[PDB]
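**Student:** Provided below: model.csv, containing CSV, C-alpha atoms and all ligand atoms.
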```
chain,number,residue,atom,x,y,z
A,1,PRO,CA,-14.0,-1.8,25.0
A,2,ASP,CA,-14.7,1.8,26.3
A,3,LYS,CA,-11.0,2.6,25.8
A,4,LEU,CA,-10.8,1.1,22.3
A,5,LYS,CA,-13.9,3.0,21.2
A,6,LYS,CA,-12.4,6.2,22.5
A,7,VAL,CA,-9.2,5.7,20.5
A,8,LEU,CA,-11.3,5.1,17.3
A,9,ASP,CA,-13.0,8.5,17.7
A,10,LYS,CA,-9.7,10.3,17.2
A,11,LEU,CA,-8.7,8.0,14.3
A,12,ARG,CA,-11.9,8.4,12.4
A,13,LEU,CA,-11.8,10.9,9.5
A,14,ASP,CA,-13.9,14.0,10.2
A,15,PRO,CA,-15.8,14.7,6.9
A,16,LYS,CA,-15.4,18.4,7.3
A,17,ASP,CA,-11.6,18.3,7.7
A,18,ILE,CA,-11.0,15.7,5.0
A,19,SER,CA,-13.1,17.7,2.5
A,20,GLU,CA,-10.9,20.8,2.9
A,21,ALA,CA,-7.8,18.7,2.0
A,22,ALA,CA,-9.7,17.3,-1.1
A,23,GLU,CA,-9.6,20.7,-2.8
A,24,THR,CA,-5.9,21.2,-2.2
A,25,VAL,CA,-4.8,17.6,-3.0
A,26,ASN,CA,-6.9,17.4,-6.2
A,27,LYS,CA,-5.6,20.8,-7.4
A,28,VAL,CA,-1.9,19.9,-6.8
A,29,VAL,CA,-2.3,16.4,-8.3
A,30,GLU,CA,-4.2,17.6,-11.3
A,31,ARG,CA,-1.5,20.3,-12.0
A,32,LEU,CA,1.3,17.7,-11.8
A,33,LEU,CA,-0.8,15.3,-14.0
A,34,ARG,CA,-1.2,17.8,-16.8
A,35,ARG,CA,2.5,18.6,-16.5
A,36,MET,CA,3.4,14.9,-17.1
A,37,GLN,CA,1.0,15.0,-20.1
A,38,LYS,CA,2.9,17.4,-22.3
A,39,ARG,CA,4.7,16.8,-25.6
A,40,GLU,CA,8.2,16.9,-24.1
A,41,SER,CA,7.4,14.6,-21.2
A,42,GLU,CA,8.4,10.9,-21.4
A,43,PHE,CA,5.4,10.1,-19.2
A,44,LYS,CA,2.8,11.7,-21.5
A,45,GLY,CA,0.6,8.6,-21.3
A,46,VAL,CA,0.4,8.7,-17.5
A,47,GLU,CA,-3.0,8.7,-15.8
A,48,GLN,CA,-4.3,8.5,-12.2
A,49,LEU,CA,-5.2,5.1,-10.8
A,50,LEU,CA,-8.3,6.1,-8.7
A,51,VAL,CA,-10.1,9.1,-10.1
A,52,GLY,CA,-13.3,10.8,-8.9
A,53,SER,CA,-13.8,10.4,-5.2
A,54,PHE,CA,-11.3,11.4,-2.5
A,55,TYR,CA,-11.5,8.7,0.2
A,56,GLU,CA,-9.7,6.4,-2.4
A,57,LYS,CA,-6.6,8.5,-1.7
A,58,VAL,CA,-6.7,8.9,2.1
A,59,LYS,CA,-4.8,6.4,4.2
A,60,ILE,CA,-6.7,4.8,7.1
A,61,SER,CA,-5.4,5.6,10.6
A,62,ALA,CA,-3.5,8.5,9.0
A,63,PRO,CA,-5.7,11.6,8.6
A,64,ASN,CA,-3.1,13.9,7.0
A,65,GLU,CA,-1.5,11.4,4.6
A,66,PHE,CA,-2.6,10.5,1.0
A,67,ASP,CA,-1.5,8.1,-1.7
A,68,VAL,CA,-1.8,8.7,-5.4
A,69,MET,CA,-0.6,6.3,-8.2
A,70,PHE,CA,0.5,7.7,-11.5
A,71,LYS,CA,0.0,4.7,-13.8
A,72,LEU,CA,1.5,4.3,-17.3
A,73,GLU,CA,-0.1,1.8,-19.6
A,74,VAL,CA,3.0,0.7,-21.4
A,75,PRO,CA,3.1,-1.6,-24.5
A,76,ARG,CA,3.0,-5.4,-24.2
A,77,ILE,CA,5.7,-6.1,-21.6
A,78,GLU,CA,7.3,-9.4,-20.7
A,79,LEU,CA,8.1,-10.1,-17.1
A,80,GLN,CA,11.2,-11.9,-15.8
A,81,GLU,CA,11.2,-13.0,-12.2
A,82,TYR,CA,14.2,-11.5,-10.4
A,83,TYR,CA,15.1,-14.0,-7.6
A,84,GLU,CA,12.6,-16.4,-6.1
A,85,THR,CA,10.2,-14.1,-4.1
A,86,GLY,CA,7.6,-13.8,-6.9
A,87,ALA,CA,7.2,-10.1,-6.2
A,88,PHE,CA,10.2,-8.6,-8.0
A,89,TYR,CA,10.7,-8.6,-11.7
A,90,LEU,CA,12.8,-7.3,-14.6
A,91,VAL,CA,10.6,-5.6,-17.3
A,92,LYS,CA,11.1,-6.0,-21.0
A,93,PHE,CA,9.0,-5.2,-24.0
A,94,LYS,CA,7.8,-8.0,-26.2
A,95,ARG,CA,8.6,-5.7,-29.1
A,96,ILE,CA,10.5,-2.5,-28.3
A,97,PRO,CA,8.4,0.4,-29.8
A,98,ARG,CA,10.1,2.7,-32.3
A,99,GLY,CA,9.2,6.2,-31.2
A,100,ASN,CA,8.2,5.7,-27.6
A,101,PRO,CA,10.0,7.8,-24.9
A,102,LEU,CA,10.2,4.8,-22.6
A,103,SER,CA,13.1,3.5,-24.7
A,104,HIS,CA,15.2,6.2,-23.2
A,105,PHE,CA,15.0,4.3,-19.9
A,106,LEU,CA,16.1,1.0,-21.3
A,107,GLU,CA,19.2,-0.7,-20.0
A,108,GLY,CA,19.7,-3.1,-22.9
A,109,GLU,CA,16.3,-4.9,-23.0
A,110,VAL,CA,15.2,-4.2,-19.4
A,111,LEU,CA,13.3,-1.0,-18.4
A,112,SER,CA,15.2,0.9,-15.7
A,113,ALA,CA,13.0,1.6,-12.7
A,114,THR,CA,15.6,3.9,-11.0
A,115,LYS,CA,16.1,6.1,-14.1
A,116,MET,CA,12.3,6.4,-14.7
A,117,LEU,CA,11.9,7.4,-11.0
A,118,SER,CA,14.7,9.9,-11.2
A,119,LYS,CA,13.2,11.7,-14.2
A,120,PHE,CA,9.8,11.3,-12.5
A,121,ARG,CA,11.1,13.1,-9.5
A,122,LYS,CA,12.6,16.0,-11.5
A,123,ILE,CA,9.4,16.8,-13.4
A,124,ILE,CA,7.6,16.9,-10.1
A,125,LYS,CA,10.2,19.0,-8.3
A,126,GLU,CA,10.1,21.5,-11.2
A,127,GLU,CA,6.3,21.9,-11.2
A,128,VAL,CA,5.9,22.2,-7.5
A,129,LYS,CA,8.5,25.1,-7.5
A,130,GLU,CA,6.1,27.0,-9.7
A,131,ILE,CA,3.3,26.5,-7.2
A,132,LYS,CA,3.1,29.7,-5.2
A,133,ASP,CA,-0.6,29.9,-4.1
A,134,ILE,CA,0.0,27.0,-1.7
A,135,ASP,CA,3.2,25.9,0.0
A,136,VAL,CA,4.2,22.6,-1.6
A,137,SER,CA,7.6,20.9,-1.3
A,138,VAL,CA,9.2,17.6,-2.3
A,139,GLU,CA,10.3,15.5,0.7
A,140,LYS,CA,13.8,13.9,0.4
A,141,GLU,CA,13.6,10.5,-1.3
A,142,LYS,CA,12.8,7.7,1.0
A,143,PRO,CA,14.9,4.6,0.3
A,144,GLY,CA,12.9,1.7,-0.9
A,145,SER,CA,10.0,3.9,-1.8
A,146,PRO,CA,8.5,4.0,-5.3
A,147,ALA,CA,6.9,7.4,-4.6
A,148,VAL,CA,7.7,11.1,-4.8
A,149,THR,CA,6.2,12.4,-1.5
A,150,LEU,CA,4.9,15.9,-1.5
A,151,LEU,CA,4.6,18.1,1.6
A,152,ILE,CA,1.6,20.4,1.5
A,153,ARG,CA,0.9,22.9,4.4
A,154,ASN,CA,-2.2,25.1,4.6
A,155,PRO,CA,-2.1,25.5,7.5
A,156,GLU,CA,-1.4,22.0,8.9
A,157,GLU,CA,1.0,19.7,7.0
A,158,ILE,CA,-0.4,17.0,4.8
A,159,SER,CA,1.5,14.3,2.9
A,160,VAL,CA,0.8,13.2,-0.7
A,161,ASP,CA,2.7,10.1,-2.0
A,162,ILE,CA,2.9,10.2,-5.8
A,163,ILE,CA,3.6,6.6,-6.8
A,164,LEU,CA,5.0,5.8,-10.3
A,165,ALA,CA,3.6,2.6,-11.7
A,166,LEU,CA,3.5,0.5,-14.9
A,167,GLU,CA,0.0,-0.8,-15.7
A,168,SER,CA,-0.2,-4.1,-17.4
A,169,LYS,CA,-3.6,-5.3,-18.7
A,170,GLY,CA,-2.1,-8.8,-19.4
A,171,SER,CA,-2.6,-11.8,-17.1
A,172,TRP,CA,-1.4,-11.7,-13.5
A,173,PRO,CA,2.1,-13.3,-13.0
A,174,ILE,CA,2.1,-17.0,-12.3
A,175,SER,CA,3.4,-16.4,-8.7
A,176,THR,CA,-0.1,-15.2,-7.8
A,177,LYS,CA,-1.9,-18.3,-9.1
A,178,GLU,CA,-2.7,-19.5,-5.5
A,179,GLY,CA,-2.8,-16.0,-4.0
A,180,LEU,CA,-5.9,-14.0,-3.1
A,181,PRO,CA,-7.5,-16.9,-1.3
A,182,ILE,CA,-10.9,-15.3,-0.9
A,183,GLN,CA,-13.1,-18.2,-2.2
A,184,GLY,CA,-14.7,-19.0,1.2
A,185,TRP,CA,-15.0,-15.3,2.1
A,186,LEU,CA,-15.6,-12.9,-0.9
A,187,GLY,CA,-16.3,-15.8,-3.3
A,188,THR,CA,-15.0,-17.2,-6.6
A,189,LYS,CA,-16.8,-14.7,-8.8
A,190,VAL,CA,-15.3,-11.8,-7.0
A,191,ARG,CA,-11.8,-13.5,-7.2
A,192,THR,CA,-12.3,-14.1,-10.9
A,193,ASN,CA,-13.4,-10.6,-11.6
A,194,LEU,CA,-10.5,-9.1,-9.6
A,195,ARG,CA,-8.0,-11.2,-11.5
A,196,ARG,CA,-9.3,-9.9,-14.8
A,197,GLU,CA,-8.3,-6.4,-13.7
A,198,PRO,CA,-4.8,-5.0,-14.5
A,199,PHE,CA,-1.8,-5.5,-12.2
A,200,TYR,CA,0.8,-2.9,-11.5
A,201,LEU,CA,4.6,-2.7,-11.1
A,202,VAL,CA,6.3,0.0,-9.0
A,203,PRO,CA,10.1,0.7,-8.7
A,204,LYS,CA,11.6,-1.4,-6.0
A,205,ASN,CA,14.2,1.4,-5.5
A,206,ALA,CA,16.2,-0.8,-3.1
A,207,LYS,CA,20.0,-0.7,-3.1
A,208,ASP,CA,20.2,-4.4,-2.6
A,209,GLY,CA,23.6,-4.9,-4.3
A,210,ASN,CA,22.3,-6.8,-7.3
A,211,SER,CA,23.5,-5.7,-10.7
A,212,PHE,CA,19.9,-5.1,-11.7
A,213,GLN,CA,18.9,-3.3,-8.5
A,214,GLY,CA,17.9,-0.1,-10.4
A,215,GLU,CA,16.0,-2.2,-13.0
A,216,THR,CA,13.9,-4.2,-10.4
A,217,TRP,CA,10.2,-3.6,-10.3
A,218,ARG,CA,7.8,-4.7,-7.5
A,219,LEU,CA,4.3,-6.1,-7.9
A,220,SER,CA,1.5,-3.8,-6.6
A,221,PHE,CA,-2.1,-4.7,-5.9
A,222,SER,CA,-3.1,-1.4,-4.2
A,223,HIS,CA,-6.2,-1.3,-6.4
A,224,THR,CA,-7.3,-4.8,-5.4
A,225,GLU,CA,-6.5,-4.1,-1.7
A,226,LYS,CA,-8.7,-1.0,-1.7
A,227,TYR,CA,-11.5,-3.0,-3.3
A,228,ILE,CA,-11.2,-5.6,-0.5
A,229,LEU,CA,-11.3,-2.9,2.2
A,230,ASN,CA,-14.4,-1.4,0.7
A,231,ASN,CA,-16.1,-4.8,0.1
A,232,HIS,CA,-14.9,-6.8,3.1
A,233,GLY,CA,-18.1,-8.6,4.2
A,234,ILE,CA,-19.4,-12.0,3.2
A,235,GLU,CA,-22.8,-10.3,3.0
A,236,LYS,CA,-23.1,-7.6,0.3
A,237,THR,CA,-24.8,-5.2,2.8
A,238,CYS,CA,-22.0,-5.2,5.3
A,239,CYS,CA,-21.4,-1.7,6.7
A,240,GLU,CA,-24.1,-0.4,4.3
A,241,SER,CA,-27.1,1.8,5.2
A,242,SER,CA,-29.5,-1.2,5.1
A,243,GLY,CA,-27.0,-3.7,6.5
A,244,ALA,CA,-25.2,-4.6,9.7
A,245,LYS,CA,-22.1,-2.8,10.8
A,246,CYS,CA,-19.0,-4.8,11.4
A,247,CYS,CA,-15.7,-4.0,13.1
A,248,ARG,CA,-13.2,-5.3,10.5
A,249,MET,CA,-12.0,-1.8,9.5
A,250,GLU,CA,-11.9,-0.6,13.1
A,251,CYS,CA,-9.7,-3.6,14.1
A,252,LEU,CA,-7.4,-2.7,11.2
A,253,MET,CA,-7.2,1.0,12.3
A,254,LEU,CA,-6.4,-0.1,15.9
A,255,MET,CA,-3.8,-2.6,14.8
A,256,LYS,CA,-2.2,-0.1,12.4
A,257,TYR,CA,-2.2,2.6,15.0
A,258,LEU,CA,-0.7,0.2,17.7
A,259,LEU,CA,2.2,-0.6,15.4
A,260,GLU,CA,2.9,3.0,14.3
A,261,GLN,CA,3.0,4.2,18.0
A,262,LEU,CA,5.4,1.3,18.9
A,263,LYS,CA,7.5,2.3,15.9
A,264,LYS,CA,7.8,5.9,17.0
A,265,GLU,CA,9.4,5.0,20.4
A,266,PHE,CA,11.5,1.9,19.5
A,267,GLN,CA,13.9,1.9,16.5
A,268,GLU,CA,14.1,-1.9,16.7
A,269,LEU,CA,10.7,-1.9,14.9
A,270,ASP,CA,11.9,0.0,11.8
A,271,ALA,CA,11.8,-3.2,9.6
A,272,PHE,CA,8.0,-3.4,10.3
A,273,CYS,CA,5.5,-1.4,8.2
A,274,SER,CA,1.7,-1.1,8.1
A,275,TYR,CA,1.6,-3.4,5.1
A,276,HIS,CA,2.5,-6.3,7.4
A,277,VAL,CA,-0.6,-5.3,9.4
A,278,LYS,CA,-2.9,-5.2,6.3
A,279,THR,CA,-1.5,-8.5,5.1
A,280,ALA,CA,-2.1,-10.0,8.5
A,281,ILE,CA,-5.8,-8.9,8.7
A,282,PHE,CA,-6.4,-10.1,5.2
A,283,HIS,CA,-5.4,-13.6,6.4
A,284,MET,CA,-7.6,-13.0,9.5
A,285,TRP,CA,-10.6,-12.0,7.4
A,286,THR,CA,-10.0,-15.2,5.4
A,287,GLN,CA,-9.8,-17.4,8.5
A,288,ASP,CA,-12.9,-15.7,10.1
A,289,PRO,CA,-15.0,-15.0,7.0
A,290,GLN,CA,-18.4,-14.6,8.7
A,291,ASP,CA,-19.7,-11.1,9.3
A,292,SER,CA,-20.9,-12.3,12.7
A,293,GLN,CA,-17.3,-13.1,13.7
A,294,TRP,CA,-16.7,-9.3,13.5
A,295,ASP,CA,-19.7,-7.9,15.4
A,296,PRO,CA,-19.0,-4.3,16.7
A,297,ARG,CA,-20.1,-5.5,20.2
A,298,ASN,CA,-17.1,-7.9,20.3
A,299,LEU,CA,-14.6,-5.1,19.3
A,300,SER,CA,-12.2,-6.0,22.1
A,301,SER,CA,-12.5,-9.7,21.4
A,302,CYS,CA,-12.1,-9.2,17.7
A,303,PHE,CA,-9.1,-6.9,18.2
A,304,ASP,CA,-7.6,-9.4,20.6
A,305,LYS,CA,-7.8,-12.3,18.2
A,306,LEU,CA,-6.1,-10.1,15.6
A,307,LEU,CA,-3.3,-9.5,18.0
A,308,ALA,CA,-3.1,-13.3,18.7
A,309,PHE,CA,-3.0,-14.0,15.0
A,310,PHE,CA,-0.3,-11.4,14.5
A,311,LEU,CA,1.8,-12.8,17.4
A,312,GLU,CA,1.4,-16.2,15.8
A,313,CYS,CA,2.9,-14.8,12.6
A,314,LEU,CA,5.8,-13.4,14.6
A,315,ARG,CA,6.3,-16.7,16.5
A,316,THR,CA,6.3,-18.9,13.4
A,317,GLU,CA,8.2,-16.2,11.4
A,318,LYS,CA,5.6,-16.7,8.6
A,319,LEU,CA,3.5,-14.1,6.9
A,320,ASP,CA,2.8,-14.9,3.3
A,321,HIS,CA,2.1,-12.0,0.9
A,322,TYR,CA,-1.7,-12.2,0.4
A,323,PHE,CA,-1.3,-12.2,-3.4
A,324,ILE,CA,2.0,-14.0,-3.6
A,325,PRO,CA,2.0,-17.1,-1.3
A,326,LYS,CA,5.7,-18.0,-1.9
A,327,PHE,CA,6.7,-14.5,-0.6
A,328,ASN,CA,7.1,-14.7,3.2
A,329,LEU,CA,7.2,-11.1,4.5
A,330,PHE,CA,8.5,-12.4,7.8
A,331,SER,CA,11.5,-14.4,6.5
A,332,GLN,CA,14.9,-14.0,8.2
A,333,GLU,CA,16.4,-12.3,5.1
A,334,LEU,CA,13.7,-9.5,5.4
A,335,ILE,CA,13.2,-9.2,9.2
A,336,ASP,CA,15.7,-10.3,11.8
A,337,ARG,CA,14.7,-12.9,14.3
A,338,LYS,CA,15.4,-10.6,17.2
A,339,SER,CA,13.0,-7.9,15.9
A,340,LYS,CA,10.1,-10.3,15.8
A,341,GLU,CA,10.7,-11.5,19.4
A,342,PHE,CA,11.0,-7.8,20.4
A,343,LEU,CA,7.7,-6.8,18.7
A,344,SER,CA,6.1,-9.9,20.3
A,345,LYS,CA,7.3,-8.8,23.7
A,346,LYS,CA,5.9,-5.3,23.3
A,347,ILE,CA,2.6,-6.4,22.0
A,348,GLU,CA,2.1,-8.9,24.8
A,349,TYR,CA,2.8,-6.0,27.2
A,350,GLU,CA,0.3,-3.7,25.7
A,351,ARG,CA,-2.3,-6.5,25.4
A,352,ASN,CA,-2.0,-7.5,29.0
A,353,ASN,CA,-2.1,-3.9,30.5
A,354,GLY,CA,-5.1,-2.4,28.7
A,355,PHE,CA,-2.8,-0.8,26.0
A,356,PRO,CA,-1.2,2.0,28.0
A,357,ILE,CA,0.4,3.3,24.8
A,358,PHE,CA,-3.0,4.7,23.7
A,359,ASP,CA,-3.0,7.2,26.5
A,401,ZN,ZN,-18.4,-4.4,7.4
```
Please render this file's structure as structure tokens.
Ligand SMILES: [Zn+2]
**Tutor:**
Amino acid sequence: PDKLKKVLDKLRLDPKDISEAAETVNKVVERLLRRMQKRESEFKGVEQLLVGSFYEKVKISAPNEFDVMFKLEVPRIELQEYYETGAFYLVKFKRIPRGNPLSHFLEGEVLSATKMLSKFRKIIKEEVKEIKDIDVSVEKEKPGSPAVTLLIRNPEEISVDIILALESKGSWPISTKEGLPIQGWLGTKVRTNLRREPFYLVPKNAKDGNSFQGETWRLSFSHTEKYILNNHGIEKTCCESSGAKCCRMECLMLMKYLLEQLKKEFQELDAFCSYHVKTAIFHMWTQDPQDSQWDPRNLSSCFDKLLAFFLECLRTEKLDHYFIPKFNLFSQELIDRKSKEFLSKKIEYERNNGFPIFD
């Protein structure tokens, strides 16, 4: 209780420090954006997913890291499910446009994610080289990442992930039909309105051995996930000025920070990522939908039942993608059986000893 609240103080974003990064992040992102929007650029139609504010780009439990999506509203595309996860797809056009630059990235009828990302990376590398009023560099490509990560230092280093994405305003793929099970929690009108919004595809960028590995795209619901984080209560006034504070976000920050610390010491946890944590708490928020089940006075009790739920996902080797029920993020083919039992052992140790890793 007293220890968990003390850890949250160092994780909470100082509005004075996050504002100083807003000027630098916006300036660099805007410059790269207007570079992509030139006549020669094949990404001339690209736009920013979340525009206006700056907390939409910051990553929780990560004060110096930021995510930005560069979305491209392509013509009417047709999706082809690539293997039976429901998250990965080949992308074709219903009618290939005549003078569109995206045709340069076609491998037959399918749009090549890896070629688009390569040319995406080059245009970014060229523009950041011309940046001399602020030290900006392009980090080496992370395997499996759809993003071109920038390294900005003035004076402390901050990270900006520039994610390439296709925007589709068509209907969400059929694999999501039973996903987003928020009816008892956020309600059916929220779920209907959310599923009227676009969906996004990002390069899988995974050397999986398939013949279409460079043409594979992954479903992204980062916009829907951000909405849920900002609108996480059954009552509309949850965490508002005239409402009651809850500890949902604090439990997520604690769980995310507990995993990232365990990952820095043990390489056996490399297959785990913070998305497993956000997926797990989404299911927890669906299981415990009442705002009173997340009272800030029960912080320790709420953080403990999140750990127990997570350990239950490791034990059963089952963690369905919140938007794609058929996609088990904890299947053997994605995470080894020994890694789950290892993470379970370490979490039980931290849980039983007052979390010594937070010292
Ligand atoms: Zn709340």
**Student:** Which residues of segment 132-214 of chain A come within 10 Å of segment 100-121 of chain A, and for each one, what is the closest pair of atoms and their distance in Å to one decimal, counting all atoms listed in the file, sorted by chain and residue number, as a tab-separated table?
**Tutor:**
```
residue	atom	partner	partner_atom	distance
A:138	CA	A:121	CA	8.7
A:141	CA	A:121	CA	9.0
A:146	CA	A:117	CA	7.5
A:147	CA	A:117	CA	8.1
A:148	CA	A:121	CA	6.1
A:149	CA	A:121	CA	9.4
A:162	CA	A:121	CA	9.5
A:163	CA	A:117	CA	9.3
A:164	CA	A:117	CA	7.1
A:165	CA	A:113	CA	9.5
A:166	CA	A:113	CA	9.8
A:201	CA	A:113	CA	9.6
A:202	CA	A:113	CA	7.8
A:203	CA	A:113	CA	5.0
A:204	CA	A:113	CA	7.5
A:205	CA	A:114	CA	6.2
A:206	CA	A:114	CA	9.2
A:212	CA	A:112	CA	8.6
A:213	CA	A:114	CA	8.3
A:214	CA	A:114	CA	4.7
```
**Student:** Using all atoms listed in the file, can you tell me which of A:345, A:248, A:44, A:189 comes closest to ligand ZN 401 (chain A)?
**Tutor:**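 Going through A:345, A:248, A:44, A:189 one by one, the smallest distance to ligand ZN 401 (chain A) is for A:248.
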**Student:** Once you count only C-alpha atoms and all ligand atoms, which residues end up within 10 Å of ligand ZN 401 (chain A), and could you hand them over as a PyMOL selection string?
**Tutor:** chain A and resi 229-240+243-250+291-292+294-296
**Student:** Hey, which of A:128, A:51, A:271, A:255 ends up closest to residue 308 of chain A? Count all atoms listed in the file.
**Tutor:**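 Ranked by minimum distance to residue 308 of chain A, first place goes to A:255.
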**Student:** Between A:215, A:333, A:40, A:14, which is the closest to residue 62 of chain A once you count all atoms listed in the file?
**Tutor:**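 Under the stated criterion, the closest residue is A:14.
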**Student:** I'd like to know which of A:286, A:33, A:83, A:6 is closest to residue 187 of chain A, using all atoms listed in the file.
**Tutor:**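 The closest residue to residue 187 of chain A is A:286.
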**Student:** A:263, A:330, A:177, A:13: which is nearest residue 347 of chain A, counting all atoms listed in the file?
**Tutor:**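 Of A:263, A:330, A:177, A:13, the one nearest residue 347 of chain A, counting all atoms listed in the file, is A:263.
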**Student:** Which residue is closest to residue 207 of chain A? Choose from A:242, A:145, A:344, A:37 and count all atoms listed in the file.
**Tutor:** A:145
**Student:** Name the residues in contact with residue 176 of chain A at a cut-off of 12 Å, using only C-alpha atoms, excluding same-chain residues fewer than 4 positions from it; report them as a PyMOL selection string.
**Tutor:** chain A and resi 85-87+171-172+180-181+191+195+199+219-221+320-327
**Student:** What box, with edges along x, y and z, holds each listed atom of segment 91-104 of chain A when 6 Å is added on every side, and can you state its centre and edge lengths in Å to one decimal, as AutoDock Vina command-line options?
**Tutor:**
```
--center_x 11.5 --center_y -0.1 --center_z -24.8 --size_x 19.4 --size_y 27.8 --size_z 27.0
```
**Student:** Quick check, in Å to one decimal: how far apart do atom CA of residue 152 of chain A and atom CA of residue 47 of chain A lie?
**Tutor:**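 Those two atoms sit 21.4 Å apart.
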**Student:** Please measure the separation of atom CA of residue 72 of chain A and atom CA of residue 45 of chain A, giving the value in Å to one decimal.
**Tutor:**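 So the answer is 5.9 Å.
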**Student:** What is the atom CA of residue 78 of chain A to atom CA of residue 192 of chain A distance in Å?
**Tutor:** 22.4 Å
**Student:** Residues within 8 Å of residue 318 of chain A, please, as a list in words. Count all atoms listed in the file; anything in the same chain fewer than 2 positions from it doesn't count.
**Tutor:** residues 313, 314, 315, 316, 320, 328, 329, 330 and 331 of chain A
**Student:** Tell me, as a ChimeraX atom specification, which residues lie within 9 Å of residue 278 of chain A, counting all atoms listed in the file; anything in the same chain fewer than 4 positions away does not count.
**Tutor:** /A:225,252,255-256,274,282-283
**Student:** Neighbours of residue 270 of chain A within 12 Å (all atoms listed in the file; same-chain residues fewer than 6 positions away dropped), as a list in words?
**Tutor:**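 Skipping anything fewer than 6 positions along the chain leaves residues 259, 260, 261, 262, 263, 264, 334, 335, 336, 339, 340, 342 and 343 of chain A.
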**Student:** Using only C-alpha atoms and a cutoff of 12 Å, can you tell me which residues are near (-8.5, -4.4, 28.4) in the file's coordinates, and write them out as a PDB file with C-alpha atoms, in the frame of the given file?
**Tutor:**
```
ATOM      1  CA  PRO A   1     -14.000  -1.800  25.000  1.00  0.00           C
ATOM      2  CA  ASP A   2     -14.700   1.800  26.300  1.00  0.00           C
ATOM      3  CA  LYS A   3     -11.000   2.600  25.800  1.00  0.00           C
ATOM      4  CA  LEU A   4     -10.800   1.100  22.300  1.00  0.00           C
ATOM      5  CA  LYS A   5     -13.900   3.000  21.200  1.00  0.00           C
ATOM      6  CA  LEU A 299     -14.600  -5.100  19.300  1.00  0.00           C
ATOM      7  CA  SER A 300     -12.200  -6.000  22.100  1.00  0.00           C
ATOM      8  CA  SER A 301     -12.500  -9.700  21.400  1.00  0.00           C
ATOM      9  CA  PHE A 303      -9.100  -6.900  18.200  1.00  0.00           C
ATOM     10  CA  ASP A 304      -7.600  -9.400  20.600  1.00  0.00           C
ATOM     11  CA  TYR A 349       2.800  -6.000  27.200  1.00  0.00           C
ATOM     12  CA  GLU A 350       0.300  -3.700  25.700  1.00  0.00           C
ATOM     13  CA  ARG A 351      -2.300  -6.500  25.400  1.00  0.00           C
ATOM     14  CA  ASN A 352      -2.000  -7.500  29.000  1.00  0.00           C
ATOM     15  CA  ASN A 353      -2.100  -3.900  30.500  1.00  0.00           C
ATOM     16  CA  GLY A 354      -5.100  -2.400  28.700  1.00  0.00           C
ATOM     17  CA  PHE A 355      -2.800  -0.800  26.000  1.00  0.00           C
ATOM     18  CA  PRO A 356      -1.200   2.000  28.000  1.00  0.00           C
ATOM     19  CA  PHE A 358      -3.000   4.700  23.700  1.00  0.00           C
TER      20      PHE A 358
END
```
